[PDB]
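Keeping their order, the protein sequence lines are chains e and f. The first sequence runs 21 to 85, 97 to 168, 176 to 483 under the entry's author numbering. The second sequence runs 20 to 87, 96 to 168, 177 to 208 under the entry's author numbering. Note that the Cβ used here is the ideal one computed from N, Cα and C, for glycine as well.
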Amino acid sequence: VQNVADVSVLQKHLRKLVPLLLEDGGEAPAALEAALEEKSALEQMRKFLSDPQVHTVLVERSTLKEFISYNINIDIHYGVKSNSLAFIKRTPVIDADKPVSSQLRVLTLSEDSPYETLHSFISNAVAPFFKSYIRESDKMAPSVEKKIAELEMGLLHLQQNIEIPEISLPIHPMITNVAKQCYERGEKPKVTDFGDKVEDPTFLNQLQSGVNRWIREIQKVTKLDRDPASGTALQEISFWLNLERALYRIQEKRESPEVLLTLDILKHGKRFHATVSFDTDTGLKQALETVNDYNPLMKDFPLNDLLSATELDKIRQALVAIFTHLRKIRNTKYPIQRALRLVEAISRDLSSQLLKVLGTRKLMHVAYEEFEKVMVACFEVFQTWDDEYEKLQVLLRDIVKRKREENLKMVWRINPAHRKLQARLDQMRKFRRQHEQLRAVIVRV
Amino acid sequence: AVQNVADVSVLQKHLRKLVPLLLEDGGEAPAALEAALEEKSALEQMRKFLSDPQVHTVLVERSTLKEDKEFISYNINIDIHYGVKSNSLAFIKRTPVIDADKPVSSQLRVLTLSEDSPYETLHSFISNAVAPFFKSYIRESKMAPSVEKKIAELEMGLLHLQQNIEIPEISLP
Numbered sequence: 021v022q023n024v025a026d027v028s029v030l031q032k033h034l035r036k037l038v039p040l041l042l043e044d045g046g047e048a049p050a051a052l053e054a055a056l057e058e059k060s061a062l063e064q065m066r067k068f069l070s071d072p073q074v075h076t077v078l079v080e081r082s083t084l085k097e098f099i100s101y102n103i104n105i106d107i108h109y110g111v112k113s114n115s116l117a118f119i120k121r122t123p124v125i126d127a128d129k130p131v132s133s134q135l136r137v138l139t140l141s142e143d144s145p146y147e148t149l150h151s152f153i154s155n156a157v158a159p160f161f162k163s164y165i166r167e168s176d177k178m179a180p181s182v183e184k185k186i187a188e189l190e191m192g193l194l195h196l197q198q199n200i201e202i203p204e205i206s207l208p209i210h211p212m213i214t215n216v217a218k219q220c221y222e223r224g225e226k227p228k229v230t231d232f233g234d235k236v237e238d239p240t241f242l243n244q245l246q247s248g249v250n251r252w253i254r255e256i257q258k259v260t261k262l263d264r265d266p267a268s269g270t271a272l273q274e275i276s277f278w279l280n281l282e283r284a285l286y287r288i289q290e291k292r293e294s295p296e297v298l299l300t301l302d303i304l305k306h307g308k309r310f311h312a313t314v315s316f317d318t319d320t321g322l323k324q325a326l327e328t329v330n331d332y333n334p335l336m337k338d339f340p341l342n343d344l345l346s347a348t349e350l351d352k353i354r355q356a357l358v359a360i361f362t363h364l365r366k367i368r369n370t371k372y373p374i375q376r377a378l379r380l381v382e383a384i385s386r387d388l389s390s391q392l393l394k395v396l397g398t399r400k401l402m403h404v405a406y407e408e409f410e411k412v413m414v415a416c417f418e419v420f421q422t423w424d425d426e427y428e429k430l431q432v433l434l435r436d437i438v439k440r441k442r443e444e445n446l447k448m449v450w451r452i453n454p455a456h457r458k459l460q461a462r463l464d465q466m467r468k469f470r471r472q473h474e475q476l477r478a479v480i481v482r483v
Numbered sequence: 020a021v022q023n024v025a026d027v028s029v030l031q032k033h034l035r036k037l038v039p040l041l042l043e044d045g046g047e048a049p050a051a052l053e054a055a056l057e058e059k060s061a062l063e064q065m066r067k068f069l070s071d072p073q074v075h076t077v078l079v080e081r082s083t084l085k086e087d096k097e098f099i100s101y102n103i104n105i106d107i108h109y110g111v112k113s114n115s116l117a118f119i120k121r122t123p124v125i126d127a128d129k130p131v132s133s134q135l136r137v138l139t140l141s142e143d144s145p146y147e148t149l150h151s152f153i154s155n156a157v158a159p160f161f162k163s164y165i166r167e168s177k178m179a180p181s182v183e184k185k186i187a188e189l190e191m192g193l194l195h196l197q198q199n200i201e202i203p204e205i206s207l208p
């Protein structure tokens, strides 16, 4: 509120806890001394501790630029290079009138990535206080804990996705030079713009090698693929999605007027197979074409409907929507091997979601009759998943009858994990039935 | 990140530098905080949070319990409890295998369970820096939009159930 902390208060707080929340503890380190001798730290501390609006005293002593640099401010950034220590005030303002450091709470925003540090801090203490307040010590705390756990799982899955990286193209300098020259006036280059650089076979071969290394960068993305059974189906959806993302980005990088212009430079400069040996060496066309092929299949998938929503009706309707997304195979031309691999990964994901639902069922914590009923419900959901797999096999057989000359491998070579889950549920129900049988034996004998 | 699990010595020093921070005016922590940190409870808890794979969160909730000044006893549990009258310092091990001589921030990511309720502290921390962190991170180049939407919804509901009175003002700068 009115506890306006000066530069000396921020200096003492830095010398007492900046190393404990940013380095290997102790007293004022180099970054803590720099924060103690800075006015920006005093301003950010007064705005996030004195003022009741901001509550996170972000001691952004990011270990970079080792010799950390306290880039303390009122805003935040979940970067992979900002090892901040946000002293989030427990109250609306960290009033130093009370115990100077106890006015807030350390929240070490580590050097992990956005999804990485997000899932880390979220799964570390977000859902904990909300769930502990919902159960221990009403319509908002439990749902808040559920949303915090969902955010932790979402950032984790984002980090655990099959995300596609970025690959660039190194442009030759004379291209850029003459390009700037044309940008001086209102002009774009041409073949005769370079004068006789198109007649410089050395320079022509320099750009030939440039075009070559650019297709090498292309090739780094063309052959980049992954089996649909690798990991989970969720990773395959994120995989193909980020694939198309980077495909279009690198595609536009290729489609820049300088690259195409240099192709014109070469071919009109008698290096007659620039676009020939260039376009033929590109798999980008076929890769984007393949994403267009598998476009409705990767779309509308019930990933979060089952993974993020592991409830009973959520997994049932999730498997129904997964079968509906699988029904788009008539519009996606999924390869029988790719479909079988993706079905295996989908069954593995169904088994993991069934495991989460089983953990959310608590047959052991419930009675033997209740354990058998919960096992019957889990086995019924597993039977519905196997029925969805049966409908998928029916559609696979329809695709087999369609492309019998080429695609007729609908042998249903996908491990139905729902059957194993239902069998294990039957084993648990058998243990519960033995418990009920012994209870009836005690009530009779 | 390091097989040298933080035992009662490393956790005791971490409590003497963190429970003192998130539970007092820096310097030295409370007597119950260092006593529980040096005890076998926090020894096994920190050793599991820095040695076991499934155990990675070490919430040393330095709860300012009454009937003792408020004794900020560092209950080193796994998850953060219901922060009401607690001066909790949930310095959860940033890595499932934390160190003993490395940086405390890189090995034990701090967090807490503030004295405010779950909705109040959730809205406070969320609107204070969770929106800006992910905001600038996504702005500096999708699951991030869904996570940001769920975060905004959580902050909105936390602000709704946070203050039942809710008498704000509108300034015109």
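- In the structure shown, the three-state DSSP call for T148/f is helix.
- Interface annotation, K185/f: in contact with chain e, CB-CB separation under 9 Å.
- Burial is judged here by how many other beta carbons sit within 10 angstroms of a residue's own beta carbon; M191/e has at least 16 and is buried.
- Within the stretch 121-148 of chain e, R121, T122, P123, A127, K129, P130, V131, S132, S133, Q134, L135, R136, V137, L138, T139, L140, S141, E142, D143, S144, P145, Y146, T148 place their CB atoms closer than 9 Å to a CB of chain f, listed in sequence order.
- With a threshold of 16 other beta carbon atoms within 10 Å, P340/e meets it and is buried.
- Assignment of alpha helix (DSSP H) within the stretch 435-472 of chain e, counting only whole runs of 4 or more residues, yields no such run.
- Spanning the alpha carbons of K305/e and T240/e requires a straight line of approximately 15 Å.
- In this structure, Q134/f sits near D126/f, with a CB-CB distance shorter than 9 Å.
- The beta-carbon distance between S82/f and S60/f, rounded to whole angstroms, is 14 Å. This is too long to meet the 8 Å contact definition.
- In the structure shown, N280/e adopts helical secondary structure according to DSSP, grouped into three states.
- A direct Cα-to-Cα measurement between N104/f and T76/f gives close to 8 Å.
- Taking 9 Å as the CB threshold, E188/e lines the interface with chain f.
- A Cβ-Cβ distance of about 6 Å is found for the pair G110/e and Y164/f, placing them in contact under the 8 Å criterion.
- Against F152/f, the close residues of chain e are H75, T76, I119, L138, in the order they occur along the chain (beta-carbon pairs closer than 8 Å).
- Contacts between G192/e and chain f, judged by CB atoms closer than 8 Å, involve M178, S181, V182, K185 in chain order.
- For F68/e, at least one C-beta of chain f is nearer than 9 Å to its own C-beta.
- In chain order, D126, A127 place their CB closer than 6 Å to the CB of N23/f, counting only its own chain and leaving out the 5 sequence neighbours on each side.
- Listed in chain order, the positions of the stretch 37-48 of chain e with a beta carbon within less than 7 Å of a beta carbon of chain f are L37, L40, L41, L42, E43, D44, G45.
- The DSSP-derived three-state label of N102/f is strand.
- Where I119/e is concerned, the enclosing beta strand (DSSP E) starts and stops at 115-120.
- DSSP places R399/e outside both helix and strand once states are collapsed to three, so it counts as coil.
- Annotation for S115/e: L78, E80, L140 place their beta carbon closer than 6 Å to its own, counting only its chain and skipping 5 residues before and after.
- Under DSSP, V24/e shares a beta bridge with no residue.
- Residue-level contact by beta carbon holds for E167/f and chain e, with a gap shorter than 9 Å.
- The C-beta distance from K162/e to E183/e rounds to 4 Å, short enough to fall under 8 Å.
- DSSP places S181/e within a helical segment (H, G or I) once states are collapsed to three.
- Using a Cβ distance threshold of 9 Å, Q31/f and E47/f do not count as a contacting pair.
- Comparing alpha-carbon positions, the option among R223/e, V216/e, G224/e lying closest to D231/e turns out to be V216/e.
- DSSP lists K120/f as the bridge partner or partners of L135/f.
- At a cut-off of 9 Å between beta carbons, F98/f makes no contact with chain e.
- The secondary-structure analysis by DSSP pairs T83/f across a beta bridge with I99/f.
- Residue environment: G233/e is assigned as exposed (fewer than 16 neighbouring CB atoms within 10 Å of its CB, all protein chains considered).
- Taking 9 Å as the cut-off, the beta carbon of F277/e is found closer than this to the beta carbon of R264/e.
- With a threshold of 16 other beta carbon atoms within 10 Å, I480/e falls short and is exposed.
- Separation of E201/e and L281/e (C-alpha to C-alpha, rounded to the nearest whole angstrom) is 8 Å.
- Annotation for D343/e: the continuous alpha helix (DSSP H) segment containing it runs 341-344.
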